[PDB]
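In what follows, a structure is listed as structure tokens, so that the remarks can point back to it.
Bear in mind that the values in this text are calculations on the coordinates, not laboratory data. No Cβ is skipped: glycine too gets one built from the backbone with ideal geometry, and neighbour counts run over all protein chains shown.
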Amino acid sequence: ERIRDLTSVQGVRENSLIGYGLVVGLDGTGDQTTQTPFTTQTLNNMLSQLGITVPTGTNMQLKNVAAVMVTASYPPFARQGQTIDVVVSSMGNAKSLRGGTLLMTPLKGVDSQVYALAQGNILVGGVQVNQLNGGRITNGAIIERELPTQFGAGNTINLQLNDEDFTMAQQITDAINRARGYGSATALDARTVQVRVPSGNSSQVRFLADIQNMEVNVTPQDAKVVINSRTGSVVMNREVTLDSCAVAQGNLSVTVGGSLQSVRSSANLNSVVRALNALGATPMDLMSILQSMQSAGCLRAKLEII
Amino acid sequence: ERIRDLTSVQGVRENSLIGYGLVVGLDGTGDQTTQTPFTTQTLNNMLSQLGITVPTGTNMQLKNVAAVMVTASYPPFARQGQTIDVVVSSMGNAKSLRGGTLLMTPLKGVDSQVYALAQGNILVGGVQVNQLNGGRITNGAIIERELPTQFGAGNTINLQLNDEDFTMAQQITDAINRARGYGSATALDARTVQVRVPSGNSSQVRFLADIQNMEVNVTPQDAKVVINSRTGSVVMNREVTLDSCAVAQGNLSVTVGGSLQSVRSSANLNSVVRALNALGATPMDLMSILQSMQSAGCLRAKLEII
Amino acid sequence: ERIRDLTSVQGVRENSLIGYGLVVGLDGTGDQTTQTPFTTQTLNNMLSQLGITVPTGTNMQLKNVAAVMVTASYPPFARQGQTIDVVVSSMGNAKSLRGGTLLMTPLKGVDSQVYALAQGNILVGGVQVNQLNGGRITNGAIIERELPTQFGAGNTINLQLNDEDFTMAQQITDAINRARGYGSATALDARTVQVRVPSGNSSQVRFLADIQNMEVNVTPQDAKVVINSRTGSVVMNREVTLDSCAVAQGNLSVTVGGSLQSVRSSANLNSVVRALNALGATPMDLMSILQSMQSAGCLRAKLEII
Amino acid sequence: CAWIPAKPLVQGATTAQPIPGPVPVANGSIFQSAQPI
């Protein structure tokens with residue numbers, strides 16, 4: 001496993017940008033302006049800015065426009081001239097945004113500053129129907145501001161690990177030290193590894209490029225089981241082991257001779273899967289069985305509901 | 001991979017232009033002037049400018065015109081006499097813009113300055129029906145203003161990388177240095193490469209032309225999975241690897257003997273695809289399975305919802 | 001590729017002319033004067049100018065006339081006696097303009113100056129019905145004013161490139177220098193090439209005539225994909241390349257064995273097309289697949305929604 | 001008399017000048033804390 005696949009750099013970080021905008025076209029299916037006052041008000045503001053002042057008292061019952069919120073991911077080291085993808089979601093009661101156009105919406109950060117400008121054409125999917133009130137614009141937003149960064153300054157860079165682990169951090173530090181000079185890396189906690197790099201943006205970039213593609217083996221993480229209970233999904237880690245026990249569940253019985261099926265001790269995932277399958281049950285019954293088993297022991301893993 | 005395909009120049013940048021206009025013709029299907037007051041007001045303004053003053057109190061119930069918004073992409077280094085394509089989208093309640101004509105709409109930037117003039121004939125597509133409230137005009141807009149630029153001044157040019165990467169920046173810098181003189185390029189961050197070029201517009205243009213077509217190999221980017229959840233699409237990178245695990249999903253069972261199918265460890269994309277297919281499920285079930293797997297580990301990639 | 005096919009001269013430029021007029025005849029199907037007050041008012045103005053003063057209070061309910069807007073393209077170097085084609089579009093509620101006649105409408109520029117006079121017979125096309133509210137008049141407009149130009153003055157002429165490109169500008173400059181004397185051309189940016197020409201209108205015309213027909217090879221432009229999403233069209237450049245990946249889309253599965261079809265790496269357009277076709281899907285599904293792929297990488301091209 | 005000096009019960013300034021706040025830290029995040037109390 002590569003360092004880039006399981007670690008992130010301290011200075012590299014994404015930000016969230018949000019903005020309000022209007023979508024035109026739509027062949028009808030737009031917002032009902034009677035129930036969406038902000039749509040008409042924003043359209044009037046745009047018209048007044050462009051040079052048209054509609055009288056305050058007017059009908060303004062249009063159906064080819066929809067008020068939308070546009071969300072974007074400000075990427076790390078964003079440049080002024082670069083472009084990013086945006087997601088446009090209907091705000092009022094618009095039926096669909098099939099072939100709409102997003103018009104010059106300013107994308108701002110949490111500080112209320114305009115960081116991008118988004119404009120373009122929405123693309124939406126054409127019984128599992130697609131979401132017609134939410135679309136994506138590729139390269140629809142152009143950056144306007146650049147976030148200052150400290151990258152290239154100092155002599156220490158922090159590699160941050162997803163799903164922190166003391167063994168994982170130790171392995172990363174050992175790999176970095178073996179590849180680079182002695183004492184190049186030092187683990188600060190279960191999630192942070194401080195690496196010494198020479199001063200200078202170019203030198204730091206070269207060091208990070210060398211480190212990121214480094215190959216590090218992944219030690220056994222933990223015996224973990226995930227139960228959705230909302231999508232009807234159950235997933236077990238390769239480290240899950242099952243202790244000998246007897247389980248009785250409603251309508252479940254020995255194939256053959258009745259209830260109270262025996263569960264043999266299983267050390268590996270294959271044995272655990274075979275024993276659970278022999279204890280024949282649907283995933284919904286399996287969730288309850290696993291919960292009861294973990295409550296009573298007999299399950300050498302931690303199970304979480306997602 | 002060419003430098004032009006994965007990098008953009010600092011000075012080269014597009015801008016967004018928006019404007020309001022009217023479309024005539026349409027064989028009916030135009031805006032309902034009763035519910036679209038701005039259409040009649042703008043038509044009256046145009047008539048008064050042309051020399052016809054309609055009395056304020058009049059019916060003015062027309063159906064051959066539609067108020068539209070026109071959007072254009074101001075290209076880099078735009079010249080005064082050049083032409084650009086525009087997109088016209090209905091604003092009010094117009095049924096269609098099949099054979100309409102856009103009449104002399106000024107396209108302005110975010111600074112409220114007129115940067116182009118758009119006029120021409122709309123082209124729209126003639127059960128998947130086409131969008132009849134939005135059309136495109138090719139070469140419909142003529143530029144009027146030219147944006148000042150610094151290109152040709154200074155001695156440093158910044159190449160900006162899409163989907164920043166330290167390894168990618170290092171590769172680009174190494175390729176530029178190998179092709180050109182020693183020290184020609186230097187990576188400033190994961191997304192920016194500063195290249196030294198001689199003073200002068202012609203010299204800079206020649207250097208950029210030489211650099212852009214340069215061939216640079218693309219290193220493994222990252223193990224990334226994209227789930228739409230709105231268009232029912234799942235895409236996996238070539239770097240995605242699957243860890244051994246057992247997954248149980250509603251209505252899914254071993255072909256054969258029941259639920260809790262085993263997923264063998266897979267290092268390459270082919271093995272991952274074969275294992276997931278053996279765990280037979282539709283894309284919608286696959287999305288939930290992937291989410292649960294990533295939550296529980298067993299999936300050496302980052303998955304994002306788009 | 002000829003220089004004329006991919007470049008435009010600085011002094012050569014088109015302008016847009018707009019005007020208001022009336023169309024007579026039509027065998028009925030004209031504007032409803034009750035709902036189109038400007039039609040009757042303009043007809044009364046014309047009658048008064050001709051010498052007939054209709055009383056202000058009168059019915060004037062006619063159906064053989066329609067108020068129209070006429071648009072024309074003022075060509076570069078327009079002469080006083082020359083004629084241009086015009087487009088006539090219905091303004092009010094006229095049903096059709098099948099055999100109408102446009103009567104002496106003045107075509108004015110953005111400066112409110114009369115630049116042409118348009119008069120003639122409209123030609124309109126006689127389930128895909130033709131547009132009967134919009135017609136074209138060939139040579140229907142006669143120019144009246146001539147725009148002053150600087151052509152023939154100075155010693156430098158700027159060739160402007162459509163779809164600017166540093167490589168394209170360098171190629172054009174190299175071709176011009178090779179054909180003409182040393183240093184005849186110099187690229188100023190990605191879109192402008194300054195060419196030195198002798199003083200004098202005749203000499204400049206001869207130089208431009210020699211340059212325009214010059215043959216210049218077109219280098220690979222860029223890996224670009226265009227998705228309409230409104231006309232259901234997808235177009236890929238010859239430079240588009242596909243990276244190895246796995247894609248799962250709703251209702252799509254391996255021919256054969258299920259979802260999650262593999263996409264082999266393809267370097268050329270033929271391989272990309274064959275792989276995408278093997279991943280059998282309609283264009284609407286292909287648009288979503290391409291969007292997801294580009295989001296996840298695996299697509300070495302920039303895709304834009306049109 | 002009404003001209004005798006008097007002190008209004010609401011003593012002190014009736015205005016507060018807003019503080020500009022803390023300068024952002026170039027940590028790469030748009031979000032900036034505000035010294036939690």
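Tell me, what HN-Hα J-couplings in whole Hz come from the Karplus equation 6.51 cos²θ - 1.76 cosθ + 1.60 at θ = phi - 60° for each residue of the range A:291-306, using x for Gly and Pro?
Coupling constants for the range A:291-306: 4, 4, 4, 4, 4, 8, x, 6, 8, 7, 6, 9, 10, 10, 8, 10 Hz.
Along the axis that rotates chain C into chain A, which residue of chain C has the nearest beta-carbon, and what is the gap in whole Å?
Residue of C nearest the axis onto A, distance in Å: C:34, 60.
Can you give me the relative contact order of the range C:1-80 as a percent, contacts being Cα pairs under 8 Å and 6 or more apart?
Numbers: 89 pairs, mean separation 40.2, N = 80.
Here the relative contact order equals 50 percent.
Helix-only mean residue ellipticity at 222 nm, chain C, DSSP H runs n ≥ 4 weighted -39,500 (n - 2.57), per residue, nearest 500. What is it? Display every interim value, and only then the final one.
Working: 6 runs with 68 residues, N = 306.
For chain C, the value works out to -7000 deg cm²/dmol.
For the range B:29-57, list residues with backbone N below 11 Å from a point placed 7 Å from the Cα of residue C:35 toward its Cβ?
B:29-34
Using the basic label-point model (7 angstrom from Cα toward the beta carbon), what is the residue A:149 to residue A:222 distance in nanometres?
3.1 nm
Please give the contour-minus-distance gain from residue C:59 to residue C:111: 0.36 nm per residue of separation, less the Cα-Cα distance, rounded to one decimal in nm.
Numbers: separation 52, 0.36 × 52 = 18.72 nm, distance 3.64 nm.
The span from residue C:59 to residue C:111 would gain 15.1 nm if fully extended.
At 7 Å along the Cα-to-beta-carbon direction for both residue C:202 and residue C:274, put a label point, then send me their distance in nm to one decimal.
6.1 nm
Partner chain Cβ atoms within 10 Å, averaged over the residues of A:203-212 - can you pull that number for me? Don't skip to the end; give the middle numbers.
Numbers: counts 2, 4, 12, 7, 2, 8, 12, 3, 2, 7.
Shielding by partners across A:203-212 averages 6.
Shortest first and in nm with one decimal, please list how far the residue A:192 label point sits from its counterparts in the other copies (point 7 Å along Cα→Cβ).
Between copies, matching label points for residue A:192 lie 2.6, 5.2 nm apart.
Can you sort A:174, A:31 from fewest to most other Cβ atoms within 10 Å of each residue's own Cβ?
Working: A:174 13, A:31 26.
Ranked by crowding around the Cβ, least crowded first: A:174, A:31.
Quick check on chain A: take the gyration tensor over C-alpha atoms, sort the square-rooted eigenvalues as a ≥ b ≥ c, and tell me if it's rounded (a/c under 1.5), prolate or oblate. Walk me through the numbers before you get to the answer.
Numbers: a/c = 3.79, a/b = 1.34, b/c = 2.83.
The shape class here is oblate.
Can you give the FRET efficiency to the nearest 0.05 for residue C:139 and residue C:80, using r as the Cβ-Cβ distance and R₀ = 22 Å? Don't jump to the answer; show the numbers that get you there.
Values: r = 15 Å, r/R0 = 0.68.
It comes out at approximately 0.90.
Would you mind giving the mean number of other chain beta-carbons within 10 Å of the Cβ of each residue in C:27-35, as a whole number? Please report the intermediate quantities before stating the final value.
Numbers: counts 0, 0, 0, 0, 2, 4, 0, 2, 7.
Mean shielding count: 2.
In nm, one decimal, shortest first: how far is the label point of residue A:166 (7 Å from Cα along Cα to beta carbon) from the matching points in the other copies?
2.7, 5.3
Neighbouring Cβ atoms within 10 Å as the yardstick, rank C:173, A:58, A:101 fewest first.
A:58, C:173, A:101
Could you compute the net charge surrounding residue C:132? Neighbours are other residues with a C-beta less than 13 Å from the C-beta of residue C:132; K and R count +1, D and E count -1.
Details: positive: B:98, C:95, C:98, C:136; negative: B:27, C:27.
Taking every other residue near residue C:132 into account, the sum is +2.
Filter B:108/C:108; A:63/A:108; C:63/C:95; B:302/C:302 down to the pairs with a C-alpha to C-alpha distance above 18 Å, please. Each step should come with its number before you reach the end.
Values: B:108/C:108 21 Å; A:63/A:108 28 Å; C:63/C:95 10 Å; B:302/C:302 22 Å.
Pairs exceeding the cut-off: B:108/C:108; A:63/A:108; B:302/C:302.
Neighbouring Cβ atoms within 10 Å as the yardstick, rank A:243, C:5, C:165 fewest first. Provide the component values of the computation, followed by the final result.
Numbers: A:243 14, C:5 11, C:165 24.
Ordered from fewest to most neighbouring Cβ atoms within 10 Å, A:243, C:5, C:165 come out as C:5, A:243, C:165.
Under 1.5 on a/c is rounded, so check that first for the range B:32-153, then, if it is not, pick prolate when a/b is larger than b/c and oblate when it is not; a ≥ b ≥ c are the square roots of the alpha carbon gyration tensor eigenvalues.
oblate
Within a 10 angstrom radius of each residue's Cβ in A:141-150, how many Cβ atoms of other chains show up on average? Whole number is fine.
Values: counts 1, 5, 2, 1, 1, 0, 6, 5, 4, 4.
Counting other chains' Cβ atoms within 10 Å and averaging over A:141-150 gives 3.
Taking the label point as lying 7 angstrom from Cα along the Cα-to-Cβ axis, what are the distances from residue B:14 to the corresponding position in the remaining copies, in ascending order and in nanometres?
Once sorted, the set of distances for residue B:14 reads 2.2, 2.2 nm.
Output ³J(HN,Hα) for the range A:221-234: one whole-Hz value per residue in order, computed from phi by the Karplus curve 6.51 cos²θ - 1.76 cosθ + 1.60 with θ = phi - 60°, and x for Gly and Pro.
Ordered by residue, 3J(HN,Hα) equals 6, 4, 7, 10, 10, 10, 10, 6, 6, 10, 10, x, 10, 10 Hz.
Run the quick spin-label model on residue A:156 and residue A:170: label points 7 Å from Cα toward the beta carbon, then report their separation in nm to one decimal.
2.2 nm
Taking the Cα centre of the range A:1-117 as origin, sum charge times position over the Cβ atoms of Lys and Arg (+1) and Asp and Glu (-1), and report the length of that vector in debye to the nearest 20. Intermediate results must be reported in sequence, preceding the final value.
On the way: 8 positive and 7 negative charges, 15 e Å.
Using only the charged Cβ atoms, the result is roughly 80 debye.
Once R0 is set to 56 Å, what does the formula 1/(1 + (r/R0)^6) return for the Cβ-Cβ distance between residue D:35 and residue B:256, expressed as a FRET efficiency to the nearest 0.05?
Working: r = 63 Å, r/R0 = 1.13.
With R0 = 56 Å, the Cβ-Cβ based efficiency is 0.30.
With a/c under 1.5 counting as rounded, go ahead and sort the range B:223-306 into rounded, prolate or oblate using the C-alpha gyration tensor (a ≥ b ≥ c being the square roots of the eigenvalues; past the cut-off, prolate if a/b is larger than b/c, else oblate).
Cα axes put the range B:223-306 in the oblate bin.
Taking 41 Å as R0, compute the FRET efficiency from the Cβ-Cβ separation of residue B:127 and residue A:213 and round it to 0.05. List each step's numbers first, then the result.
Details: r = 50 Å, r/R0 = 1.21.
Once rounded, the FRET efficiency stands at 0.25.
For residue B:263, which sequence-distant residues (separation of 5 or more, or a different chain) have an amide H within less than 5 Å of its own amide H, given hydrogens modelled in the peptide plane?
B:245, B:246, B:247
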